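One chain is shown next in structure tokens, namely the form deposited in one PDB entry.
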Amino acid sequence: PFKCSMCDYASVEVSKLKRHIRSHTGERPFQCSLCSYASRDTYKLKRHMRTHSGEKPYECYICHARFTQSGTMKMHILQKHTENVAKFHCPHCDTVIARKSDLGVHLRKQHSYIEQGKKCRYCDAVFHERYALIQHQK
């Protein structure tokens, strides 16, 4: 148990605590030699270098499209070649979304606070949430 003093992270390996702390300090030791990207750990630099090398190690076994990362391919297979996958229902409206991160986009765009407000395009009423604005305009 090697505990971070700054959060609840803990590990059974000293080296993992050292890596974790760079998330607080922002130290990025592993620099790309071709662009400005730099990583906190060795793996994400190698994964990034695949984009310079053109290395695409992953191939969809159904349609043979090729991918640079494994999770990209997995998501492609889930969304394009799989039926009856559970969908994301927004709690604040009736929209249904296929991907969790797209639900995130929707929450931030439609249900977040707009400090400077937005006026209806047909009337002088002002709203501070896009969903309420669009509902009013209708």
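Note that residue numbering follows the sequence shown and begins at 1.
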| item | value |
| --- | --- |
| Selected stretch [higher average CA B-factor]: 25 to 33 or 99 to 107 | 25 to 33 |
| Higher-scoring stretch by recorded Cα B factor average, 49 to 57 or 69 to 77 | 49 to 57 |
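The discussion below concerns the form deposited in another entry, not included here.
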property	result
Hinge pick from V96, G54, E83, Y43, given that two rigid parts rotate relative to each other between this form and the one not shown	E83
